[PDB]
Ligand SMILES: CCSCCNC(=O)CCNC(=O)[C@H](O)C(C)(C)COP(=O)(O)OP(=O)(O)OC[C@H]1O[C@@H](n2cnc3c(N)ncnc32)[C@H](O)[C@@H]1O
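Okay, so here's just one chain, in structure tokens, the form deposited without the named molecule.
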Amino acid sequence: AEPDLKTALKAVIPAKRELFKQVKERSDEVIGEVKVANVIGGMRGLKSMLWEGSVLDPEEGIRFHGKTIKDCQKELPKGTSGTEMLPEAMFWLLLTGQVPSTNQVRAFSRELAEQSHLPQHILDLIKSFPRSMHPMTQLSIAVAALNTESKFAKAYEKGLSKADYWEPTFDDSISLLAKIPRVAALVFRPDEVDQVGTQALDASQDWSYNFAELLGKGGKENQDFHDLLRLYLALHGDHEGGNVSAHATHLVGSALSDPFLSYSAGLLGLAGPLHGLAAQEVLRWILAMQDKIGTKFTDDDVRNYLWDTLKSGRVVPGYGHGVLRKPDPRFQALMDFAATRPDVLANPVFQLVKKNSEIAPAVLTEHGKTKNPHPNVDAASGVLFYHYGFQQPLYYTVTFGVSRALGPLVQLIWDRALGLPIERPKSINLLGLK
């Protein structure tokens, strides 16, 4: 009987609190400059928040406590079936700094499954949504409505010591994490709310598998989709604090709003076109290209389509977000998953994504307008979901929403464990900058 997640976390809290004390003695130490560029540039490049679980390496890409995507694919536990790392395990790692054992992960998956259920009022609330309501709005709303179940909100109202803030924060995070796939499934399946809302989960089986089950893609016939979904959810869990969904969650949480409310704010940010639409834009762009170039096509047809796009003044979606000298290692992980699956490699839409990734970087480099010409994770994700029958791009941010619960909830727990204060920058008007 090995330590469970809460216990593992308690063990590493004291070293973090100590590290925090050491850093705090250097409060007065100067680490950067603020320029006008930063004030009017949405704080671009201004190092001004704390985030523990992930740091972007300029050469290796995103890393979780120093572990690369490849380190995680090897070290982190897998499901009962399949080849891919579990998001639960990624969560463990983000929270504790440590790789759980398989045994530990199975026990955590079991708790997640035991807390998956929803109050009747949430299902009633979802049933009131019109068909036209955007799925991200549905997801944000239903997550915020679960604040009726917040142990943190109740304990704060009863009186709670600051040193105890993290415990009910942790309990609400696990609860949110357990319920969010079922909420997402209900957004996917508006006509099945009563049944999907109360469908009993296989408690032996993992978080992604049970999400797949609530989407109507369970069983052994879908074990490759399960592996995809595990991988996707793991890869998208956390990417530093500066992205809007993470920052919004931190910010709202810093006023001591519970995690249901805080992540709802994160999801309202993720609903924003400049933040959660990249995977859809890419799939749309690839489909259009396929339509134009035809199903059987030549390296030249692709290469010259790219030139036509760039000479029009359009961007090539899914390329060049990064600072890296190579592809986003999250992209590479998705292509490594593909390489083992012959039916995916036989899909002409995937073949076009792959061809494009061998050709577009050189085109973008010659063209010279983007700082970095390499693919990011959004270049491959949409297509892989498309291949398994998720052919309505509008819902792809929903899946992103499920994944992006992991990192921001971890940071909330830590924010509370350390006692980080309310987030309060200082504003200035344009007249004031002169």
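We call the rigid core the largest set of C-alpha positions that still match within 1.5 Å between the two forms. Heads up: residue numbers just count along the shown sequence, starting at 1.
- Here the stretch with the larger average CA B-factor, out of 296-304 and 127-135, is 296-304.
- Averaged over their C-alpha atoms, the temperature factors of 342-350 and 144-152 are higher for 342-350.
- Within the group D164, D328, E88, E240, the record's highest C-alpha temperature factor is found at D164.
- Going by the entry's values, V30 shows the largest Cα B-factor out of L50, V55, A379, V30.
- Per-chain ranking of the deposited C-alpha B factor places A107 in the middle third.
- Ranked by C-alpha B-factor against the other modelled residues of its chain, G61 falls in the middle third.
- The deposited CA B-factor of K67 belongs to the middle third of values across its chain.
- Residue-level temperature factors show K426 in the middle third of its chain, judged at the C-alpha atom.
- For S204, the recorded CA B-factor ranks within the highest third of the chain. Only modelled residues enter the ranking.
If you look for the form solved in complex with the named molecule, you will not find it shown, but the lines that follow are about it.
- Site status: blocked, since the named molecule, placed by superposing the C-alphas around its site in the deposited bound form, has 3 or more atoms within 2.4 Å of backbone or C-beta atoms.
- Looking at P273, you'd find a heavy atom of it within 4.5 angstroms of the named molecule in the deposited bound form.
- Within 4.5 Å of any heavy atom of the named molecule in the deposited bound form lies no heavy atom of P87.
- Put simply, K369 is close to the named molecule in the deposited bound form: some heavy atom of it is within 4.5 Å.
- The named molecule in the deposited bound form comes within 4.5 Å of no heavy atom belonging to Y305.
- Contact with the named molecule, judged by heavy atoms within 4.5 Å in the deposited bound form, is confined among 224-232, 317-325, 122-130, 168-176 to 317-325.
- The candidate site formed by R44, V377 and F400 is fully in contact with the named molecule in the deposited bound form, as each residue has a non-hydrogen atom within 4.5 angstroms of it.
- Scanning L215, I286, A278, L93 against the named molecule in the deposited bound form with a 4.5 Å heavy atom cut-off leaves one residue, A278.
- Among the residues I141, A153, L310, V349, the one placing a heavy atom within 4.5 Å of the named molecule in the deposited bound form is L310.
- The only C-alpha among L214, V316, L76, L176 that moves by 2 Å or more between this form and the one not shown, given a superposition on the rigid core, is that of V316.
- Superposition of the core reveals a Cα shift of 2 Å or more for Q280 between this form and the one not shown.
- With the core superposed, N376 shows a C-alpha displacement of at least 2 Å between this form and the one not shown.
- In this overlay on the rigid core, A200 has a C-alpha that sits less than 2 Å away from its partner position between this form and the one not shown.
- The pair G322 and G266 approaches in the deposited bound form: their C-alpha atoms are at least 3 Å nearer to each other than in the form depicted.
- Relative to the displayed conformation, the Cα-Cα distance from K47 to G322 shrinks by 3 Å or more in the deposited bound form.
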